[PDB]
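Beneath this line is the structure, given in structure tokens, with notes to follow.
Chain naming here is simple, since letters A, B, ... match the order of the sequence lines and numbering starts at 1 in each.
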Amino acid sequence: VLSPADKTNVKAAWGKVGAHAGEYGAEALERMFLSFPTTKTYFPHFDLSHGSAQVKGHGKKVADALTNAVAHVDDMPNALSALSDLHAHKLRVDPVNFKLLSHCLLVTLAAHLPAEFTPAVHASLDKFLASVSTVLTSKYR
Amino acid sequence: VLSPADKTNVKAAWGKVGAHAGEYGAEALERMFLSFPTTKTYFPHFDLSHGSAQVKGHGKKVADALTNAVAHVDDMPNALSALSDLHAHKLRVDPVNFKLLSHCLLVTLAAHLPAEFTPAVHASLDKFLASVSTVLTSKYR
Amino acid sequence: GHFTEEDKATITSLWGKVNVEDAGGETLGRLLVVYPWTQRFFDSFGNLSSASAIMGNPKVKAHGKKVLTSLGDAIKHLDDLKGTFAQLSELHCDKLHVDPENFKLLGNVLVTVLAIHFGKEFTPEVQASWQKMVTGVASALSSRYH
Amino acid sequence: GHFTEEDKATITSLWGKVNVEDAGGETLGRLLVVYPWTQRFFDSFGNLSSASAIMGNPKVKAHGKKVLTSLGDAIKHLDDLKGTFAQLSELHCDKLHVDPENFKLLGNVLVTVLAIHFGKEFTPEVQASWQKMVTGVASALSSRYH
Ligand code: HEM
Ligand code: HEM
Ligand code: HEM
Ligand code: HEM
């Protein structure tokens, strides 16, 4: 559960991202693919060459769902609903993998806010991403 | 989330356990220790010799919290509250381990209800145990 | 990292008792039902909708045994499972695109189906030997992803 | 399973830039704060209660560096980390009783602290080399549990 010091923290850290978000979102992904090649299997139809619009495009889509989630941190399940429905029934990505992308995101963020990234914030963020991962993993079975 | 076909299923499978529960509970544990020696580290103060009252006693305690949870499958978080508080703050067992005991339990049950253990029930049970694991892992951070 | 002879004598005899065709249709069947997102790689297969349509689907029953026989055969080179499955590994990565996390998921449904079948004969110490086996099989099947 | 020279030349130079004493007080500090149940092995240590009391606790700062220097030294035998850590592994199991799951947790906080410190220099390809390293270190530290 996210305390409210948690919400203040996620809102302020993601505010500094503001518009570099599709950018940080495409970077997170490149890092997942390189650090955990296993995540590659859910993307055989992508050109994962560094810089391909396919991944740049997916990352703006992923960063945007994340921004929408931070904007609704109090009513998250309803907000990410159609998406929980998506991954759950058409896509079916194994949940062990949300833990993986969640981490490269933690990492992509650590490398761009030299220092908004406080240990107290590093914590609220891991925490926030675990919540998003859980809502999205929710209607699986 | 547990559907209600899920609850009918967990209530009926655990009903057949009825009183062999502290028994199935001690067996689950022996299997965790042998199959995943890593779980041993949370029990340096136990004699894990097969059949020691220390483990027989812990298993009746674990099976009993489980019976209480099946009896309250609709209000689970409140029912397992003091226990969520316990593991979370004094004990602090890493959550990767609930997945482990949850499985040896699935297995201990599979070996004792030759056939109450339906694939449809095997599923509701994995599902039920993942819910218990989550309530207990809840107030960690 | 491997096994004690008391280990391997153990998984070896429990297995001489296994009817592979029928125990495989069962684990693959239960994998699809308990972890329904594995359904993912199989709508070439038909009715996969209720636990009953799946445990009875013959395409499931068939690949279930294909998989398990692939496995019975590795019981034989418990000494180098990596060399035994290198081609099947390369294939599941390059052509099938299966999240290797699934080998683990199936390894566990299988320890479960074995417990169901042999009851008390499947003792904690015998499960431990097979947890080692199922884990090494999943590990060898994934050795070559990239 | 191991590393390309472009890999190892990579983790080797990023590291010649690391002030071990201070980067270690940081990861151990953040491990205790982000995964607060690691607090578990340390109330011999004092005020561990707010993220601020912990990042400033000197016992934390100290063992933080003890751990990281233990690690800097393995950077040197990247070829056999199992042989390099066998004694420390036996010790964490038999005497300290640490859930080896923690090595992984710390491996990841550390990739994070490295990203914070080096910013853009820590590129996806450089992280990948270190994910391999952190994973092999956690693996060698756990090789001897029983
Ligand atoms: C941080 C958690 C995640 C979020 C917020 C997220 C969000 C999204 C969104 C918004 C889409 C597009 C939905 C649409 O088309 O309308 C998408 C597509 C997709 N995502 Fe998820 N995702 C997450 C994690 C993952 C993970 C872990 C995987 C597995 C590696 C994954 C695999 C996919 C795939 C394969 C698609 C299909 C995109 C396509 O059609 O090309 N996602 N994701
Ligand atoms: C199925 C999930 C679990 C349930 C329902 C459960 C339940 C319990 C209960 C009721 C107690 C005793 C509480 C009391 O003293 O009043 C207990 C103690 C304990 N449990 Fe948990 N447990 C679960 C999983 C785990 C796991 C995964 C571990 C880690 C391996 C663990 C480690 C412990 C330890 C170390 C104690 C201390 C017992 C003692 O003082 O001797 N438990 N558990
Ligand atoms: C116990 C570990 C496994 C073994 C030993 C195994 C073995 C095999 C073998 C030998 C084949 C035939 C490949 C060929 O055509 O030459 C195959 C095909 C296949 N397996 Fe794996 N398998 C395993 C686990 C899995 C899992 C977990 C999944 C998915 C969850 C899976 C999905 C498939 C699929 C989709 C095919 C293709 C079948 C077709 O072409 O119609 N297998 N497997
Ligand atoms: C990066 C991997 C790690 C390495 C290389 C490492 C190394 C060491 C070394 C060399 C010692 C000194 C042992 C001695 O007295 O001779 C030590 C002690 C210790 N480490 Fe580990 N460590 C690691 C991770 C961890 C983790 C993750 C934890 C807990 C989460 C931990 C908890 C401890 C504790 C409690 C001690 C005892 C300190 C004392 O006696 O006061 N270490 N570690």
Side-chain angles (χ1 to χ4, degrees), chain B residues 32-49 54 90-97 100, chain C residues 1-4 128 131-132 135, chain D residues 1-2 11 15 18 20-21 23-32 34-46 48 54 57-111 113 130 132-146:
Chain B
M32 198 189 42
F33 297 141
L34 283 184
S35 298
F36 305 116
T38 145
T39 60
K40 269 173 181 178
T41 63
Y42 291 102
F43 296 88
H45 53 310
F46 274 36
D47 148 41
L48 311 181
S49 36
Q54 229 154 0
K90 177 162 191 197
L91 306 184
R92 316 145 157 140
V93 163
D94 190 282
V96 147
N97 304 109
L100 292 200
Chain C
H2 72 198
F3 350 56
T4 64
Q131 279 283 180
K132 275 173 167 181
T135 289
Chain D
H2 72 198
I11 82 141
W15 196 258
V18 172
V20 166
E21 276 17 275
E26 252 260 280
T27 38
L28 185 52
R30 282 163 121 97
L31 159 88
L32 266 19
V34 168
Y35 304 112
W37 58 89
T38 37
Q39 225 138 122
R40 194 176 200 262
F41 309 100
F42 317 98
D43 45 33
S44 175
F45 291 19
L48 272 205
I54 71 168
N57 184 307
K59 238 120 186 175
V60 159
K61 262 173 185 161
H63 166 70
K65 141 220 183 169
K66 185 150 189 173
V67 147
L68 236 262
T69 326
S70 147
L71 176 118
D73 282 17
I75 282 290
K76 304 203 182 184
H77 313 91
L78 239 26
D79 270 314
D80 129 87
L81 296 163
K82 272 181 178 179
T84 308
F85 286 110
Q87 178 116 94
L88 265 183
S89 173
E90 161 183 326
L91 178 91
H92 274 87
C93 186
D94 298 354
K95 300 301 181 181
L96 296 182
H97 316 298
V98 182
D99 180 2
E101 170 62 17
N102 291 134
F103 304 144
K104 295 177 183 168
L105 269 192
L106 175 87
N108 286 349
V109 160
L110 177 82
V111 158
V113 151
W130 282 95
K132 275 173 167 181
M133 223 269 163
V134 138
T135 289
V137 147
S139 213
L141 261 202
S142 82
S143 307
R144 285 187 182 185
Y145 269 62
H146 59 163

Throw together a table of side-chain donor-acceptor distances under 3.5 angstrom for residues 79-93 of chain D, partners on residues two or more places apart or in other chains.
unit_1, atom_1, unit_2, atom_2, d
D:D80, OD1, D:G83, N, 2.8
D:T84, OG1, D:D80, O, 2.6
D:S89, OG, D:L141, O, 2.7
D:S89, OG, D:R144, N, 3.2
D:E90, OE1, D:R144, NH1, 3.4
D:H92, ND1, D:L88, O, 2.6

Nearest heavy-atom pair of [X] and [Y]: which atoms, and what distance?
X	Y	value
C:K132	C:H2	NZ-O, 4.0 Å
D:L28	D:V60	CD2-O, 3.6 Å
D:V113	D:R30	CG2-CD, 3.7 Å
D:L48	D:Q39	O-OE1, 2.8 Å
D:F45	D:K59	CE2-O, 3.5 Å

D:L105 pairs by side chain to side chain contact (heavy atoms under 4.5 Å, CB included) with which of D:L110, D:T38, D:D99?
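Only one of D:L110, D:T38, D:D99 forms a side chain to side chain contact (heavy atoms under 4.5 Å, CB included) with D:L105, namely D:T38.
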
Checking the side chain of [X] only, and the main-chain atoms of [Y] only, is there a donor and an acceptor separated by less than 3.5 Å?
X	Y	answer
D:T27	D:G24	yes
B:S35	B:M32	no
B:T39	B:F36	yes
B:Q54	B:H45	yes
B:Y42	B:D94	yes
D:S143	D:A140	yes

D:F41 and D:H97: aromatic ring centres closer than 6.0 Å?
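So the answer is no for these two rings.
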
Given side chains that start at C-beta, do those of [X] and [Y] come closer than 4.5 Å, heavy atoms only?
X	Y	answer
B:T38	D:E101	no
D:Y145	B:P37	no
D:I11	D:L78	yes
D:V109	D:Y35	yes

Rounded at 0.5 Å granularity, tell me how far [atom1] in [X] sits from [atom2] in [Y].
X	Y	atom1	atom2	value
D:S70	D:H63	OG	NE2	9.5 Å
D:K104	D:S139	NZ	OG	7.5 Å
B:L100	C:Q131	CG	CD	9.0 Å
D:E26	D:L31	CD	CG	12.0 Å

Yes or no on side chain to side chain contact (heavy atoms under 4.5 Å, CB included) for D:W15 and D:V20, after CA distance, side-chain angles and deciding distance?
CA-CA 9 Å; D:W15 196 258; D:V20 166; 3.9 Å; yes

Output all residues satisfying side chain to side chain donor-acceptor pair (under 3.5 Å) with D:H146, sequence neighbours left out; order by chain, then residue number.
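Counting only residues at least two positions away or on another chain, D:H146 forms a side chain to side chain donor-acceptor pair (under 3.5 Å) with D:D94.
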
Apply side chain to side chain contact (heavy atoms under 4.5 Å, CB included) to D:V137 and D:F103, showing your working.
CA-CA 8 Å; D:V137 147; D:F103 304 144; over 6 Å; no

